[PDB]
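J.:
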Amino acid sequence: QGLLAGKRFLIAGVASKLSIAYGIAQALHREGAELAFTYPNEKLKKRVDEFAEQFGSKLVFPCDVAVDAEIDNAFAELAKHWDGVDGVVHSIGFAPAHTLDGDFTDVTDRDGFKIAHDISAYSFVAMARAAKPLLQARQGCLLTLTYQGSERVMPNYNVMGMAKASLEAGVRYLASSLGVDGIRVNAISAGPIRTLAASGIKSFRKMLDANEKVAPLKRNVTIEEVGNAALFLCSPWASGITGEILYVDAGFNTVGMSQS
Amino acid sequence: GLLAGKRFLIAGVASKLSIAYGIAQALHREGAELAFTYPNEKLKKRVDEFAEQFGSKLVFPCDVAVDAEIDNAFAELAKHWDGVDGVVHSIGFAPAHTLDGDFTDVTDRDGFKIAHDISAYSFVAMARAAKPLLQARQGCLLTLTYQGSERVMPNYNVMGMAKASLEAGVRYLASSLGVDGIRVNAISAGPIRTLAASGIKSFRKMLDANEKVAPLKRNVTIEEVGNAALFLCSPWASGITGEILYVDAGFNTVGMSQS
Amino acid sequence: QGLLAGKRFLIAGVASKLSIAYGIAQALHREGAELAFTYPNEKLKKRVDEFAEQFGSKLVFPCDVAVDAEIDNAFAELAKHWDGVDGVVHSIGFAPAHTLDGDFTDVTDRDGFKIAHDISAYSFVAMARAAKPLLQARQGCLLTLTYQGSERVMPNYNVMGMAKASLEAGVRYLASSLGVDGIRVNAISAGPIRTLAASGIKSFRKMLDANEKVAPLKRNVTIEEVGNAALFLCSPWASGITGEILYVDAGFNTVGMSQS
Amino acid sequence: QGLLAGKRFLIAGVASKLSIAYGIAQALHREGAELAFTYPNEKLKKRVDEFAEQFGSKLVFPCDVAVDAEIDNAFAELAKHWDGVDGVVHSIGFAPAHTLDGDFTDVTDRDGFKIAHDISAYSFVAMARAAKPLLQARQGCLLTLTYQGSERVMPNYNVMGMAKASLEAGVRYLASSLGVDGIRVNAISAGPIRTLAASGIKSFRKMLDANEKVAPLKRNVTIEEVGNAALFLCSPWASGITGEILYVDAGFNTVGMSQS
Ligand SMILES: NC(=O)c1ccc[n+]([C@@H]2O[C@H](COP(=O)([O-])OP(=O)(O)OC[C@H]3O[C@@H](n4cnc5c(N)ncnc54)[C@H](O)[C@@H]3O)[C@@H](O)[C@H]2O)c1
Ligand SMILES: NC(=O)c1ccc[n+]([C@@H]2O[C@H](COP(=O)([O-])OP(=O)(O)OC[C@H]3O[C@@H](n4cnc5c(N)ncnc54)[C@H](O)[C@@H]3O)[C@@H](O)[C@H]2O)c1
Ligand SMILES: NC(=O)c1ccc[n+]([C@@H]2O[C@H](COP(=O)([O-])OP(=O)(O)OC[C@H]3O[C@@H](n4cnc5c(N)ncnc54)[C@H](O)[C@@H]3O)[C@@H](O)[C@H]2O)c1
Ligand SMILES: NC(=O)c1ccc[n+]([C@@H]2O[C@H](COP(=O)([O-])OP(=O)(O)OC[C@H]3O[C@@H](n4cnc5c(N)ncnc54)[C@H](O)[C@@H]3O)[C@@H](O)[C@H]2O)c1
Ligand SMILES: Cc1c(CN(C)C(=O)/C=C/c2cnc3c(c2)CC[C@H](N)C(=O)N3)oc2ccccc12
Ligand SMILES: Cc1c(CN(C)C(=O)/C=C/c2cnc3c(c2)CC[C@H](N)C(=O)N3)oc2ccccc12
Ligand SMILES: Cc1c(CN(C)C(=O)/C=C/c2cnc3c(c2)CC[C@H](N)C(=O)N3)oc2ccccc12
Ligand SMILES: Cc1c(CN(C)C(=O)/C=C/c2cnc3c(c2)CC[C@H](N)C(=O)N3)oc2ccccc12
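Protein chains in written order, with UniProt numbering: chain A, 24 to 283; chain B, 25 to 283; chain C, 24 to 283; chain D, 24 to 283.
1) Look at the Cβ atom of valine 176 of chain A, then the Cβ atom of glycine 279 of chain D, and state whether they are nearer than 9 Å.
2) Taking beta-carbon pairs under 7 Å, can you tell me which members of the stretch 271-282 of chain C lie near chain B?
3) Taking the beta carbon of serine 42 of chain A as the centre, do at least 16 other beta carbons fall within 10 Å, making it buried, or is it exposed?
4) Excluding sequence positions up to five away, which residues of its chain have a Cβ less than 8 Å from the Cβ of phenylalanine 117 of chain C?
5) Taking 8 Å as the cut-off, does the CB of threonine 245 of chain A come closer than this to any heavy atom belonging to ligand 1?
6) For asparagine 64 of chain C, does the count of other Cβ atoms within 10 angstroms reach 16, so buried, or fall short, so exposed?
7) Using only CA atoms, which one of C/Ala273, C/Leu254 and C/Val71 lies nearest to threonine 167 of chain C?
8) Look at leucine 190 of chain C and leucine 165 of chain C and say whether their C-beta atoms are less than 9 Å apart.
9) Distance cutoff 9 Å, beta carbons only. Does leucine 231 of chain A sit that close to anything in chain C?
10) So, does the CB of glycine 172 of chain A fall closer than 9 Å to a CB anywhere in chain D?
11) Check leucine 269 of chain B in the structure and name its three-state DSSP category.
12) Could you check where the beta strand (DSSP E) with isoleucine 43 of chain A kicks off and where it finishes?
13) Output needed for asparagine 276 of chain D: all residues of its chain with C-beta closer than 6 Å, excluding positions within five of it in sequence on either side, in chain order.
14) For the candidate residues C/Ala160, C/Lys68, C/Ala149 and C/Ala59, whose alpha-carbon lies nearest to that of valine 90 of chain C?
15) Roughly how many whole angstroms lie between the Cα atoms of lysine 66 of chain A and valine 37 of chain A?
16) Please name the residue in D/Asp87, D/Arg207, D/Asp126 and D/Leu158 whose C-alpha comes closest to that of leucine 256 of chain D.
17) Below 9 Å between beta carbons: does that hold for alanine 188 of chain A and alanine 151 of chain B?
18) Provide the residue span of the alpha helix (DSSP H) that contains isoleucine 138 of chain C, from first to last.
19) Where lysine 155 of chain C and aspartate 126 of chain B are concerned, what is the direct C-alpha to C-alpha distance, given to the nearest angstrom?
20) Looking only at its own chain, which residues have a Cβ that is under 7 Å from the Cβ of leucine 240 of chain C, when we skip the five neighbours before and after it?
21) Under 8 Å from any heavy atom of ligand 4, does the C-beta of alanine 38 of chain D make it?
22) For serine 173 of chain C, name the three-state secondary structure that DSSP assigns.
23) Indicate whether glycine 135 of chain B and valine 182 of chain B have their beta-carbon atoms separated by less than 9 Å.
24) Note down, in chain order, every chain A residue with its Cβ under 9 Å from the Cβ of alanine 151 of chain B.
25) In three-state terms, what does DSSP make of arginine 161 of chain D?
26) Taking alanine 75 of chain C as the reference, which of C/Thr128, C/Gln282 and C/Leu51 has the closest Cα?
27) May I ask you to report which of helix, strand or coil DSSP gives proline 85 of chain D?
28) Within 8 Å: the Cβ of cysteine 86 of chain A and any heavy atom of ligand 1?
29) Should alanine 238 of chain A be listed as close to ligand 1, given that the test is whether its C-beta is under 8 Å from any heavy atom?
30) What span of residues does the alpha helix (DSSP H) with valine 111 of chain D cover, start to end?
31) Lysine 187 of chain B: beta carbon under 8 Å from a heavy atom of ligand 2?
32) Where does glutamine 77 of chain C land, buried or exposed, given buried means 16+ other C-beta within 10 angstroms?
33) Just to make sure I have the definition right: I need the residues of chain D whose C-beta is within less than 9 Å of the C-beta of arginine 175 of chain A. Which are they?
34) Check whether the Cβ of residue 294 of chain D lies closer than 8 Å to any heavy atom of ligand 4, and answer yes or no.
35) Is any heavy atom of ligand 1 found at a distance shorter than 8 Å from the C-beta of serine 200 of chain C?
36) Looking only at its own chain, which residues have a Cβ that is under 8 Å from the Cβ of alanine 238 of chain D, when we skip the five neighbours before and after it?
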């Protein structure tokens, strides 16, 4: 009998034991929640399917957020088994590698722009809609993952910064849209973490080593600390919070100027 | 005047109520002279004349949905002008239906794509196609956003996300082009009745609320925005880049007004 | 055996069963923490004495934050039973009634400014210092209560906005100063709540009813929801968060304007 | 016949030819503005008298902002010379050297806090009040100088950050208070610069070189750019802007951090 006794949650974005979604799932399950998972993509099906099976779950559905049908079908299918859900976790972001390697101006093409904002920003709004029925029944909450590159320039984050900034604006509009129906909408601004979202990024732990020295706590966060924070936001303890962007970066965002 | 001999491109003049027209008017007031784009044949006719009331020809096709039209637009302008001291981006668009109803219900994928494409990417594309022409004279870039990116306004919906993406662009552009001495800034203008108000049922009632909340108890004008944009396109703004300047009579500063 | 098993916390600012500190204390106790209490003077003595005896505590010490000595003595006294401490909760704010009733320019005198910033802003920094040793022992955390009047203009809040804005800057400098020692520093920006901090403020109901109409969730927060959030920030689940201003206002802060 | 033909302005805070106020004064005068100046005490009299007459002005009044009387008297004096005023420039900040040299927690005493917030934050609100009548005559504007240490932690800036955070909140409440009367209130957040406010700061030069490396423009601002920008804010071109914090830092504030 944990904090999430009898509560259910959908987790989109588990790619490996390292994804931010995994640390979330572990924290939720650790507290008694029942879990469901999506995969983009059946390259990933087998790994996700009973990757679910550490979590007492078999509920594994295909969901590529580029296709409108895949979204609603995944929620109609997931509708078949579950009344509703007390939360939907959005841990999805993507942009064409080339748009994240070089000068922002030179490498940001129109297509690379479309995919970035499409996969990483609109997806959250689409899922929210297809999930609204399941969420009103249970007056669950929504949660997405953002990054403070939306508010500040980081080298090579480029169009992803614009996408995250759009995402963050969405959370606020979703919170007013769904707030009347008792559905809370929030996001976590996590510090940089070495996950599969770092593959192909040459600067990465040079970024990791910089964050380690600048963050007031002198360390980089983990998927556990992110999971624990996401757990709180998906819980009745966070019942008074909506449209909030919680920074889980060891306070990195608060430093103007460190001892070089 | 202050802008003696400097040149500026003005994209987004649709009518005499333009955010861009009032700015363009302010730019000319100080002696700079001007070039203009139009989205299609429609607006070709109206822009041609708006150019000639400011002593200008420089009137080129630019639908920001087409990549070619953009680069051609900066290629045409190369023939006439050595360089450019600034580019003014006053363009935004969404299916409108995405701006009428509940945010969740009415925000489809296409309406999202169009919103961010026309309203957010365009500035970055123009910035690129304009980079060479802008390096010649160490010009600057300027766009108009809306504080719906930070705060929820009813029926602004997907435009809020786009403007938020836009504002992030300004910062990355300013960091990218800053080494080139090219400044990148934006103006967050208060709401004002322009052709960007057609089809919005709540508008003036939005206008009447802003009139009561703004510390100054009034709504800004296209002139006041023009004057501010004039500064940002001027050497007086040489120390400012990646800045979002709020021209809303301070509305952005109130948490809540007397009922 | 709850989440705060064996953890102790100092609660500053319990004036009544409605105090924000009270909702905090209850949530901390709800999870098994041991509690300590301060009171500003005798008139306030009995209330903390019995408010402590409701959380299994008698540790009740006088602390008026206007006097330097009272602060350090309270922590020298509070030392007397406890080896160390896992957290200090700071829920204190005050300004001369007159300073908060009328035009900001006309009514903001120098002293009223002085008392405002002294009692409501510096106090947190002073307590933090006198609490540093006891906080290093257990690598505890610090928490204070703020209000979004620092960022945004509310009528009749006046100098309290400036003070809370100074407070919020303190959290960031404390978090950077004390973050090196593994001690986290964060604050909660709570929505308006009718407590004894509403006495003498006539606009409250139009305040409460307005926030109720604007907040995405269509309602005003409670000391329970604030307590629960503070509980999280004072817990290892918030180990990855420092220098954060957490908004507990039902998302009110995210609305630019609602159908007024 | 410049932009400020026939316009009048009060300038508080000219300490030397390096003062931020000095480059401001130069910019306003360059455009035809009427100028006035204050000095904190006798020692500085000779130099302020001399700077005024380099701008064709003698309007130089004693004003130490620690004393209430000196403020109103200084504005009582200038009531005598000028019908009204089109703007008041506030370029004053100060804190006890010791509070700006060392760990924030260790060196921030209550007094150093009191003086810091008193001289640097309340002064603007007091001046604003004493200036209201003359400012209503011509509905001029108010302007102060802030620093982004209010949002972000700068080493050794300490209590000055909290004061500037209070200052910035003041601008918003002043703008809301005085906006109805047509008086605009704004502030400039200037990049760091070697002025008389750099004496006694050992890290300054390393700070100057860091901003030069991080700022998108790869350089530090000058009093030219600060003077010119405030000139706008004191001008009818800025008639649609109030309660605004304009950053003149070569974009430094927008970087999360550049190439190492
Ligand atoms: N790792 C960090 O430092 C960091 C910081 C801030 C924000 N974030 C965000 O956290 C989120 C989760 O990342 P993570 O590190 O836990 O692991 P991750 O690498 O697995 O995140 C990417 C996930 O998005 C899914 N996805 C991508 N394209 C999809 C599509 N077209 N259809 C369906 N699904 C698709 C993938 O399944 C993938 O699991 C990311 O979106 C990231 O933007 C990460
Ligand atoms: N009016 C306000 O209250 C307000 C508030 C905040 C921001 N803004 C911004 O101000 C900007 C300028 O607005 P305005 O009021 O001066 O007049 P406007 O109505 O003409 O602005 C819209 C312009 O975008 C151009 N445009 C649209 N789609 C295009 C396309 N596919 N290709 C090329 N051009 C296209 C149009 O020519 C149009 O002139 C807006 O984009 C908006 O983001 C306005
Ligand atoms: N209630 C709200 O809507 C709201 C909103 C935002 C922030 N806050 C903050 O919450 C905090 C706590 O308020 P609460 O509602 O839980 O109960 P409360 O009314 O009791 O808060 C005031 C407390 O400050 C203490 N205090 C005042 N002067 C003191 C002094 N000189 N020395 C020592 N102690 C002194 C008092 O003991 C009192 O308990 C406030 O300080 C406020 O800044 C409240
Ligand atoms: N120099 C920077 O990098 C920088 C950056 C951001 C903000 N600022 C702010 O600009 C303002 C002025 O800084 P500066 O660069 O011109 O240095 P400065 O020393 O040349 O000017 C500051 C002036 O405040 C005056 N002053 C101090 N106490 C006073 C009192 N009690 N009464 C009357 N006058 C008093 C001083 O005489 C001084 O001339 C300050 O508020 C500062 O915090 C400076
Ligand atoms: C920190 C940091 C983040 C945080 N983060 C994970 C995000 O928010 C987003 C990631 C992201 C998006 N799209 C990607 C990839 C990663 C690469 C894998 C995938 N193979 C791909 O094709 N495209 O992204 C960065 C980008 C550059 C530099 C630093 C960072
Ligand atoms: C205020 C306010 C704004 C501010 N504003 C001017 C904007 O930034 C955006 C304008 C906007 C976007 N899309 C539009 C049109 C205008 C109509 C012409 C175009 N032909 C169209 O089809 N679609 O937008 C709003 C949207 C809904 C409710 C209120 C507002
Ligand atoms: C909202 C809002 C708050 C929220 N809140 C509790 C605070 O943050 C601060 C409270 C506060 C500060 N000082 C007070 C009192 C209360 C009254 C008790 C005591 N009688 C007194 O002398 N002085 O306070 C306001 C004050 C004025 C206008 C609006 C608000
Ligand atoms: C950069 C930077 C700033 C920005 N700056 C100019 C300010 O806003 C503040 C100046 C400042 C405050 N207090 C001072 C003095 C100057 C010295 C003369 C005065 N006589 C004094 O006794 N005390 O302040 C810093 C403080 C520490 C480290 C770096 C910085």
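Yeah, the Cβ is synthetic: ideal placement off N, Cα and C, and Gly gets one too.
T.: Put simply:
1) yes
2) So the list reads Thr277, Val278, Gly279, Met280, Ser281 and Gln282, given in the order they occur along the chain.
3) buried
4) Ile138, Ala139, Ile142 and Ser143
5) no
6) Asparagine 64 of chain C comes out exposed.
7) C/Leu254
8) no
9) no
10) yes
11) Of the three classes helix, strand and coil, the one that applies to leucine 269 of chain B here is strand, per DSSP.
12) That residue, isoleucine 43 of chain A, is in no beta strand (DSSP E); its alpha helix (DSSP H) goes 43-53.
13) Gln171 and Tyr270
14) C/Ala149
15) 13 Å
16) D/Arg207
17) no
18) Per DSSP, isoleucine 138 of chain C belongs to the alpha helix (DSSP H) from 133-140.
19) 50 Å
20) If you ignore the 5 residues before and after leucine 240 of chain C, its C-beta comes within less than 7 Å of the C-beta of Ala273 and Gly274, all in its own chain and listed in chain order.
21) Yes, Cβ of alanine 38 of chain D sits closer than 8 Å to a heavy atom of ligand 4.
22) Looking at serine 173 of chain C - three-state DSSP - the assignment turns out to be helix.
23) yes
24) Chain-ordered, the chain A residues with CB closer than 9 Å to the CB of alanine 151 of chain B read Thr128.
25) The answer is helix: DSSP assigns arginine 161 of chain D an H, G or I state.
26) C/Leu51
27) strand
28) It does: the Cβ of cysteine 86 of chain A is within 8 Å (strictly closer) of some heavy atom of ligand 1.
29) No, since every heavy atom of ligand 1 falls outside the 8 Å radius drawn around the Cβ of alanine 238 of chain A.
30) Where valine 111 of chain D is concerned, there is no enclosing alpha helix (DSSP H), although the beta strand (DSSP E) it sits in stretches over 110-113.
31) Yes, ligand 2 has a heavy atom inside 8 Å of this Cβ.
32) The residue in question, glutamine 77 of chain C, is exposed, as its Cβ has fewer than 16 Cβ neighbours within 10 Å.
33) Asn276, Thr277, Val278, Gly279 and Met280
34) The structure shown does not extend to residue 294 of chain D, since chain D is modelled only from 24 to 283, so the question has no answer here.
35) No.
36) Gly214, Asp272, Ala273, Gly274, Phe275 and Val278
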